[PDB]
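This report concerns only the one structure given below.
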Amino acid sequence: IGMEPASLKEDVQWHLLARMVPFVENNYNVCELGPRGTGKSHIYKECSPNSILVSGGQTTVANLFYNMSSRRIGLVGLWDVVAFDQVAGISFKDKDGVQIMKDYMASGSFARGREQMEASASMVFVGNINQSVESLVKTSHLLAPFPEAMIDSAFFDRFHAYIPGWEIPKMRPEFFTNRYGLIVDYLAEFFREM
Amino acid sequence: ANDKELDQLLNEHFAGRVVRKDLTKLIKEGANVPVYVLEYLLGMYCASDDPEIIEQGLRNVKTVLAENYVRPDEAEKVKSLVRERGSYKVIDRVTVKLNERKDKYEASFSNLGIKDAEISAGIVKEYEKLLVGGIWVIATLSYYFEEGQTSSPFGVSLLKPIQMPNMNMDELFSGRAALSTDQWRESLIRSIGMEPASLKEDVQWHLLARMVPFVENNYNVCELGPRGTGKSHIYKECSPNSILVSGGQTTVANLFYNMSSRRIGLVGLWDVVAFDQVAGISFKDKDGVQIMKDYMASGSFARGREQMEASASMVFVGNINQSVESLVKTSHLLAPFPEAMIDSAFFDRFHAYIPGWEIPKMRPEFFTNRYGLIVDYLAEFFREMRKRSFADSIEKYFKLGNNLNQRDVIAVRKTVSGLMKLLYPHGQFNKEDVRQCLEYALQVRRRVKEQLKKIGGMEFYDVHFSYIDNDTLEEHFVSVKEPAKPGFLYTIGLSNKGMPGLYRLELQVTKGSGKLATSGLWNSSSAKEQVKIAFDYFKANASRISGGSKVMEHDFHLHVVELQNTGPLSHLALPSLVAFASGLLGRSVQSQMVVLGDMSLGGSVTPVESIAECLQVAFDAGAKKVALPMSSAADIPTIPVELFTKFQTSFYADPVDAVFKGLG
């Protein structure tokens with residue numbers, strides 16, 4: 001991925017491995033919240049062609065899942081990993097978007113219109129930390145940076161992991177390895193075939 | 001031991017057609033090939049239950065599904081392997097159509113993208129399910145191309161179904177007849193994954209009520225219960241032919257008819273449609289409530305330029321947060337429904353209320369791990385069973401009571417037909433089983449009728465659901481487990497049979513023209529005439545009793561509710577007159593009074609016949625007060641004084657004095 005194993009502690013290496021876990025698991029929903037500059041999204045935009053990053057926070061339900069007009073499957077049918085960056089920006093025009101998301105990430109398939117479609121895409125929520133971890137624990141829940149529209153126990157309970165984005169240090173050149181590494185899409189196709 | 005005998009019975013009469021359930025969740029994960037495919041594959045390979053047999057079958061199933069599955073995006077790649085190698089095994093959903101222009105059988109693969117594969121007549125005639133909705137199969141696709149040919153070079157050489165190929169009526173009915181009713185019921189309960197031995201028999205009947213919608217065409221039912229009672233699992237994972245409208249935001253364009261696309265809504269594609277989280281139901285279009293009313297009324301709804309018929313059965317699954325008794329005393333149990341649909345006629349549509357509170361929360365001792373029916377098997381069982389009808393089986397043994405009008409008759413008939421189809425598909429059944437299914441149907445219908453009563457007032461008061469035996473002519477009354485207002489009182493009297501009974505009289509007074517109407521008098525002409533005499537006395541004595549209230553300017557209806565099932569009551573003049581006085585003056589009758597005796601048109605009161613049993617009933621009723629004529633004073637010594645000691649007795653001189661004693 002370009003990180004230096006010798007320059008990182010073993011726990012941070014485990015966290016980075018947890019970052020790539022979704023690439024091998026079908027319908028893996030994972031949420032990571034971490035400080036800026038910690039290289040959260042680099043793995044999701046540079047290190048894999050089977051992963052897509054959705055920025056801007058505003059995206060339509062049909063675009064992700066299935067279009068009534070064009071009768072074609074959405075992003076979940078096209079990429080192995082779908083990653084929502086800047087989770088604070090997540091907003092849906094339809095109110096059922098949250099419900100259809102919940103059904104999808106619960107069952108791996110969604111019934112929209114008259115038809116139920118399967119999808120093995122794994123969903124990731126990458127967000128920025130604004131306040132210290134101790135203060136966040138004392139005053140609120142760690143999932144606070146999600147907008148109020150999706151702050152729900154049922155919505156969060158489908159999540160399988162909350163990655164400690166604070167534990168990984170902010171990206172610095174000594175963290176960027178310069179040794180021999182596996183080919184990027186070699187590793188990506190490895191992930192796909194596993 | 002009995003469950004083991006059930007296993008051998010299933011293996012004898014459902015060979016390769018049933019399977020256990022723990023392996024299903026073991027292989028569940030999230031990979032592919034939906035659950036019924038998995039469990040049919042388990043049933044075909046894993047025959048016995050030797051630990052080695054079980055484990056090897058599991059490993060074989062997993063390795064086969066992991067080796068011969070094809071994902072869509074790589075499908076073209078597979079084609080090349082077919083071309084260069086000449087033959088290749090693939091797992092795919094195949095659907096077969098007859099090309100009459102070429103007069104050949106043309107199979108299409110949903111994932112591979114082949115739309116014109118050639119398939120032999122023998123294979124398609126072997127598995128008729130290829131011609132219905134397409135099935136996941138393992139196929140050895142072969143490639144053979146000729147220059148200038150018109151037929152597609154891709155042909156199917158070998159095809160093995162990973163799903164069920166067929167269901168036979170005769171072996172099905174024979175296997176059902178091979179088991180007892182309790183055994184069959186527990187078999188179906190285990191089929192969903194529930195352990196019947198961990199659930200009470202009444203919970204088993206409620207579970208069967210849950211499967212009732214799948215088997216009866218155009219069946220409306222509502223079930224409200226606490227969180228985690230397992231309401232939605234049946235309607236989501238236990239049927240490929242049912243749908244659960246999530247989010248509450250359903251549009252009549254999406255639900256009934258999208259006139260933009262000229263396409264019928266959901267009600268045309270699924271056998272069961274269920275609304276979870278009923279409180280969240282909100283219709284953007286105003287027609288939603290009325291279109292649902294009409295569809296439940298007929299099963300056919302008019303939209304745009306066409307009348308469309310649909311047989312989808314409608315289920316309303318809801319969550320209750322408060323205790324049962326709180327909603328019972330403070331509200332109606334149909335409270336969770338949104339205010340927009342809280343209407344008498346809308347809930348009049350419903351054929352049954354399932355008591356979700358009586359359902360205990362799921363806990364793996366409730367989850368069976370024994371042999372069960374295949375979910376695909378049971379679902380297509382329901383689908384086939386929908387074509388039949390046992391609704392006329394009720395007339396052979398019982399007749400319905402007069403308190404159920406046409407719609408209540410329709411609802412109970414549909415429910416009894418559904419239970420008959422579930423428990424006795426073979427068509428042979430006894431009079432006791434008809435009794436049981438009929439009484440359950442009457443319970444749920446009466447529950448709905450009580451809710452309609454509480455919501456709408458007068459027009460749903462006839463809630464005394466009962467059924468009469470054809471042979472013994474005995475009537476059985478069935479009920480539900482779960483400062484009197486003016487015009488409300490109690491009376492004790494001998495029935496037509498001469499036995500003492502207590503009855504509640506309820507008078508509703510509105511503005512009108514002085515008319516009087518009666519209900520709940522068991523069509524007794526003498527009782528109606530007693531009521532008419534009482535009202536004539538009330539009109540004649542309006543000045544004496546009311547002191548100015550006009551009887552002529554108001555309309556009155558009085559209803560009789562029987563509490564002890566003693567029979568029809570004849571003498572009603574005095575209680576009716578007391579009801580008139582209480583309702584018109586708006587003064588509550590004093591608590592725990594029973595109005596007794598009868599009065600003639602001239603105002604003469606009659607002694608209470610068998611005053612001893614009447615006052616004993618008053619004691620047993622929880623009363624503390626008695627209103628009695630002076631003619632029953634000579635009957636005072638005939639009762640022990642200790643029985644009198646629990647009442648504060650108030651005698652009266654005339655019916656007007658009876659009014660004064662009652663109102664205080």
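Order determines the names: the first chain of the structure tokens is A, the second B, and so forth; residues in each chain are numbered 1 upward, and ligands are numbered 1 upward as they are shown.
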
What lies within 10 Å of range 103-120 of chain B using only C-alpha atoms, ignoring chain neighbours under 2 positions off, as a PyMOL selection string?
chain B and resi 69-79+90-101+122-125+130-131+134-137+141-143+151-159

Cut-off 12 Å: closest chain A/chain B atom pairs per residue, using only C-alpha atoms, as JSON lines:
```
{"residue": "A:24", "atom": "CA", "partner": "B:31", "partner_atom": "CA", "distance": 11.7}
{"residue": "A:25", "atom": "CA", "partner": "B:30", "partner_atom": "CA", "distance": 9.2}
{"residue": "A:26", "atom": "CA", "partner": "B:30", "partner_atom": "CA", "distance": 6.8}
{"residue": "A:27", "atom": "CA", "partner": "B:30", "partner_atom": "CA", "distance": 7.4}
{"residue": "A:28", "atom": "CA", "partner": "B:30", "partner_atom": "CA", "distance": 9.7}
{"residue": "A:68", "atom": "CA", "partner": "B:261", "partner_atom": "CA", "distance": 10.6}
{"residue": "A:69", "atom": "CA", "partner": "B:261", "partner_atom": "CA", "distance": 10.3}
{"residue": "A:73", "atom": "CA", "partner": "B:72", "partner_atom": "CA", "distance": 11.8}
{"residue": "A:77", "atom": "CA", "partner": "B:73", "partner_atom": "CA", "distance": 9.4}
{"residue": "A:78", "atom": "CA", "partner": "B:73", "partner_atom": "CA", "distance": 8.5}
{"residue": "A:79", "atom": "CA", "partner": "B:73", "partner_atom": "CA", "distance": 10.6}
{"residue": "A:80", "atom": "CA", "partner": "B:73", "partner_atom": "CA", "distance": 11.8}
{"residue": "A:94", "atom": "CA", "partner": "B:249", "partner_atom": "CA", "distance": 9.9}
{"residue": "A:95", "atom": "CA", "partner": "B:249", "partner_atom": "CA", "distance": 8.3}
{"residue": "A:96", "atom": "CA", "partner": "B:247", "partner_atom": "CA", "distance": 5.7}
{"residue": "A:97", "atom": "CA", "partner": "B:247", "partner_atom": "CA", "distance": 8.9}
{"residue": "A:98", "atom": "CA", "partner": "B:247", "partner_atom": "CA", "distance": 8.6}
{"residue": "A:99", "atom": "CA", "partner": "B:247", "partner_atom": "CA", "distance": 5.6}
{"residue": "A:100", "atom": "CA", "partner": "B:247", "partner_atom": "CA", "distance": 7.8}
{"residue": "A:101", "atom": "CA", "partner": "B:247", "partner_atom": "CA", "distance": 10.7}
{"residue": "A:102", "atom": "CA", "partner": "B:247", "partner_atom": "CA", "distance": 10.0}
{"residue": "A:103", "atom": "CA", "partner": "B:246", "partner_atom": "CA", "distance": 8.4}
{"residue": "A:104", "atom": "CA", "partner": "B:246", "partner_atom": "CA", "distance": 11.6}
{"residue": "A:105", "atom": "CA", "partner": "B:30", "partner_atom": "CA", "distance": 10.9}
{"residue": "A:106", "atom": "CA", "partner": "B:30", "partner_atom": "CA", "distance": 10.1}
{"residue": "A:107", "atom": "CA", "partner": "B:30", "partner_atom": "CA", "distance": 7.9}
{"residue": "A:108", "atom": "CA", "partner": "B:30", "partner_atom": "CA", "distance": 7.0}
{"residue": "A:109", "atom": "CA", "partner": "B:30", "partner_atom": "CA", "distance": 9.8}
{"residue": "A:110", "atom": "CA", "partner": "B:246", "partner_atom": "CA", "distance": 10.4}
{"residue": "A:111", "atom": "CA", "partner": "B:243", "partner_atom": "CA", "distance": 8.4}
{"residue": "A:112", "atom": "CA", "partner": "B:245", "partner_atom": "CA", "distance": 9.5}
{"residue": "A:113", "atom": "CA", "partner": "B:254", "partner_atom": "CA", "distance": 6.8}
{"residue": "A:114", "atom": "CA", "partner": "B:266", "partner_atom": "CA", "distance": 6.4}
{"residue": "A:115", "atom": "CA", "partner": "B:269", "partner_atom": "CA", "distance": 9.7}
{"residue": "A:116", "atom": "CA", "partner": "B:243", "partner_atom": "CA", "distance": 9.5}
{"residue": "A:117", "atom": "CA", "partner": "B:34", "partner_atom": "CA", "distance": 11.4}
{"residue": "A:118", "atom": "CA", "partner": "B:32", "partner_atom": "CA", "distance": 8.4}
{"residue": "A:119", "atom": "CA", "partner": "B:32", "partner_atom": "CA", "distance": 9.2}
{"residue": "A:120", "atom": "CA", "partner": "B:31", "partner_atom": "CA", "distance": 7.3}
{"residue": "A:121", "atom": "CA", "partner": "B:30", "partner_atom": "CA", "distance": 10.8}
{"residue": "A:122", "atom": "CA", "partner": "B:30", "partner_atom": "CA", "distance": 11.1}
{"residue": "A:192", "atom": "CA", "partner": "B:71", "partner_atom": "CA", "distance": 11.5}
{"residue": "A:193", "atom": "CA", "partner": "B:66", "partner_atom": "CA", "distance": 11.0}
{"residue": "A:194", "atom": "CA", "partner": "B:66", "partner_atom": "CA", "distance": 10.8}
```

Residues at most 7 Å from residue 614 in chain B, counting only C-alpha atoms, excluding those fewer than 5 positions away in the same chain, as a ChimeraX atom specification?
/B:492-493,500

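For residue 167 in chain B, the non-local neighbours within 10 Å, defined as residues at least 3 positions apart in the same chain or in other chains and counting only C-alpha atoms, are residues 17, 129, 164, 170, 171, 172, 377, 380, 381 and 384 of chain B.
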
If we count only C-alpha atoms and set the cut-off at 7 Å, which residues sit around range 624-629 of chain B, ignoring sequence neighbours fewer than 4 positions away in its own chain? Please answer as a PyMOL selection string.
chain B and resi 592-596+605+607+646-653

What would the file look like if the residues just selected were written as a JSON list (two decimals), in the first residue's frame with N, CA, C and O atoms?
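Resulting contents of again-v7.json:
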```
[["chain", "number", "residue", "atom", "x", "y", "z"],
["B", 592, "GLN", "N", -72.97, 0.20, 41.05],
["B", 592, "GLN", "CA", -73.26, -1.12, 41.62],
["B", 592, "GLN", "C", -74.74, -1.27, 41.98],
["B", 592, "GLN", "O", -75.08, -1.93, 42.96],
["B", 593, "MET", "N", -75.63, -0.68, 41.18],
["B", 593, "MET", "CA", -77.05, -0.96, 41.28],
["B", 593, "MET", "C", -77.51, -1.91, 40.18],
["B", 593, "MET", "O", -77.03, -1.85, 39.04],
["B", 594, "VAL", "N", -78.45, -2.78, 40.53],
["B", 594, "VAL", "CA", -79.12, -3.67, 39.59],
["B", 594, "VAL", "C", -80.60, -3.33, 39.61],
["B", 594, "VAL", "O", -81.23, -3.27, 40.68],
["B", 595, "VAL", "N", -81.16, -3.05, 38.43],
["B", 595, "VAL", "CA", -82.57, -2.71, 38.29],
["B", 595, "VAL", "C", -83.34, -4.00, 38.05],
["B", 595, "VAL", "O", -83.05, -4.74, 37.10],
["B", 596, "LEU", "N", -84.32, -4.27, 38.90],
["B", 596, "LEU", "CA", -85.07, -5.52, 38.85],
["B", 596, "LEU", "C", -86.56, -5.24, 38.68],
["B", 596, "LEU", "O", -87.01, -4.10, 38.71],
["B", 605, "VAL", "N", -95.86, -2.07, 39.29],
["B", 605, "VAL", "CA", -94.61, -2.83, 39.37],
["B", 605, "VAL", "C", -94.92, -4.26, 39.75],
["B", 605, "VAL", "O", -95.89, -4.53, 40.48],
["B", 607, "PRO", "N", -93.49, -8.05, 41.39],
["B", 607, "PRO", "CA", -92.44, -8.60, 42.25],
["B", 607, "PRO", "C", -91.40, -9.36, 41.44],
["B", 607, "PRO", "O", -91.69, -9.94, 40.40],
["B", 646, "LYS", "N", -74.64, -7.68, 52.50],
["B", 646, "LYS", "CA", -73.67, -7.13, 51.56],
["B", 646, "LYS", "C", -74.27, -6.11, 50.60],
["B", 646, "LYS", "O", -73.58, -5.68, 49.67],
["B", 647, "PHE", "N", -75.53, -5.71, 50.79],
["B", 647, "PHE", "CA", -76.19, -4.76, 49.92],
["B", 647, "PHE", "C", -76.86, -3.65, 50.72],
["B", 647, "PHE", "O", -77.41, -3.89, 51.80],
["B", 648, "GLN", "N", -76.81, -2.44, 50.18],
["B", 648, "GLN", "CA", -77.55, -1.30, 50.71],
["B", 648, "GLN", "C", -78.85, -1.18, 49.92],
["B", 648, "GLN", "O", -78.89, -0.53, 48.87],
["B", 649, "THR", "N", -79.91, -1.80, 50.43],
["B", 649, "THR", "CA", -81.14, -1.99, 49.68],
["B", 649, "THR", "C", -81.93, -0.69, 49.58],
["B", 649, "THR", "O", -82.02, 0.06, 50.56],
["B", 650, "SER", "N", -82.49, -0.43, 48.40],
["B", 650, "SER", "CA", -83.34, 0.73, 48.16],
["B", 650, "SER", "C", -84.61, 0.25, 47.46],
["B", 650, "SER", "O", -84.56, -0.19, 46.31],
["B", 651, "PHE", "N", -85.74, 0.36, 48.15],
["B", 651, "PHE", "CA", -87.03, 0.00, 47.57],
["B", 651, "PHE", "C", -87.65, 1.21, 46.89],
["B", 651, "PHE", "O", -87.26, 2.35, 47.14],
["B", 652, "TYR", "N", -88.62, 0.95, 46.01],
["B", 652, "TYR", "CA", -89.29, 2.00, 45.26],
["B", 652, "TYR", "C", -90.80, 1.78, 45.28],
["B", 652, "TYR", "O", -91.27, 0.66, 45.52],
["B", 653, "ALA", "N", -91.54, 2.85, 45.02],
["B", 653, "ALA", "CA", -93.00, 2.79, 45.02],
["B", 653, "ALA", "C", -93.58, 2.59, 43.63],
["B", 653, "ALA", "O", -94.44, 1.72, 43.44]]
```

Using only C-alpha atoms, determine which residues lie at most 10 Å from residue 659 in chain B, disregarding the query and same-chain residues fewer than 5 positions distant; provide the list as a PyMOL selection string.
chain B and resi 545+574-575+577-582+589+595+627+652+654+664

Residue 11 in chain A: which residues within 12 Å, counting only C-alpha atoms, same-chain residues fewer than 6 positions away excluded, as a list in words?
residues 5, 17, 18, 163, 164, 165, 166, 167, 168 and 169 of chain A

With N, CA, C and O atoms retained, export the selected residues as a PDB file, in the first residue's frame.
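Output saved as again.pdb:
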```pdb
ATOM      1  N   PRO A   5       6.332  -0.877   7.241  1.00  0.00           N
ATOM      2  CA  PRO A   5       6.042  -1.714   8.420  1.00  0.00           C
ATOM      3  C   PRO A   5       6.977  -1.460   9.588  1.00  0.00           C
ATOM      4  O   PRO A   5       6.548  -1.527  10.748  1.00  0.00           O
ATOM      5  N   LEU A  17      -4.395  -3.132   8.019  1.00  0.00           N
ATOM      6  CA  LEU A  17      -4.916  -4.381   7.470  1.00  0.00           C
ATOM      7  C   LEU A  17      -6.438  -4.413   7.521  1.00  0.00           C
ATOM      8  O   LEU A  17      -7.093  -4.868   6.574  1.00  0.00           O
ATOM      9  N   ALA A  18      -7.014  -3.954   8.633  1.00  0.00           N
ATOM     10  CA  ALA A  18      -8.464  -3.842   8.727  1.00  0.00           C
ATOM     11  C   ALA A  18      -9.012  -2.910   7.660  1.00  0.00           C
ATOM     12  O   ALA A  18     -10.148  -3.082   7.204  1.00  0.00           O
ATOM     13  N   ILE A 163     -13.139   1.306  12.896  1.00  0.00           N
ATOM     14  CA  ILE A 163     -11.680   1.371  12.869  1.00  0.00           C
ATOM     15  C   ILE A 163     -11.199   2.593  13.641  1.00  0.00           C
ATOM     16  O   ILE A 163     -11.712   3.702  13.435  1.00  0.00           O
ATOM     17  N   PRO A 164     -10.223   2.440  14.537  1.00  0.00           N
ATOM     18  CA  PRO A 164      -9.700   3.599  15.269  1.00  0.00           C
ATOM     19  C   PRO A 164      -8.787   4.466  14.415  1.00  0.00           C
ATOM     20  O   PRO A 164      -7.561   4.315  14.451  1.00  0.00           O
ATOM     21  N   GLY A 165      -9.378   5.375  13.638  1.00  0.00           N
ATOM     22  CA  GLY A 165      -8.603   6.250  12.772  1.00  0.00           C
ATOM     23  C   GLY A 165      -7.670   7.192  13.505  1.00  0.00           C
ATOM     24  O   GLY A 165      -6.760   7.746  12.877  1.00  0.00           O
ATOM     25  N   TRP A 166      -7.874   7.394  14.806  1.00  0.00           N
ATOM     26  CA  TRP A 166      -6.967   8.235  15.578  1.00  0.00           C
ATOM     27  C   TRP A 166      -5.649   7.527  15.863  1.00  0.00           C
ATOM     28  O   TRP A 166      -4.597   8.172  15.928  1.00  0.00           O
ATOM     29  N   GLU A 167      -5.690   6.204  16.038  1.00  0.00           N
ATOM     30  CA  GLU A 167      -4.491   5.455  16.389  1.00  0.00           C
ATOM     31  C   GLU A 167      -3.442   5.478  15.286  1.00  0.00           C
ATOM     32  O   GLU A 167      -2.244   5.461  15.591  1.00  0.00           O
ATOM     33  N   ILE A 168      -3.853   5.514  14.023  1.00  0.00           N
ATOM     34  CA  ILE A 168      -2.900   5.593  12.919  1.00  0.00           C
ATOM     35  C   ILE A 168      -2.335   7.010  12.874  1.00  0.00           C
ATOM     36  O   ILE A 168      -3.096   7.989  12.905  1.00  0.00           O
ATOM     37  N   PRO A 169      -1.013   7.169  12.847  1.00  0.00           N
ATOM     38  CA  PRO A 169      -0.433   8.517  12.846  1.00  0.00           C
ATOM     39  C   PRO A 169      -0.673   9.228  11.523  1.00  0.00           C
ATOM     40  O   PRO A 169      -0.927   8.603  10.492  1.00  0.00           O
TER      41      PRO A 169
END
```

Interatomic distance, CA of residue 2 in chain A to CA of residue 49 in chain A (Å, one decimal)
16.2 Å

Two-atom distance - CA of residue 140 in chain A, CA of residue 127 in chain A (Å):
16.1 Å

Select from range 378-459 of chain B everything DSSP, run on the backbone, classes as alpha helix (DSSP H), then give the selection as a ChimeraX atom specification.
/B:378-385,406-423,431-456

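Running DSSP on the backbone and keeping only strand (DSSP E), the residues of range 15-150 of chain A that qualify are residues 30, 31, 32, 33, 34, 51, 52, 53, 54, 81, 82, 83, 84, 85, 109, 110, 111, 112, 115, 116, 117, 118, 122, 123, 124, 125, 126, 127 and 128 of chain A.
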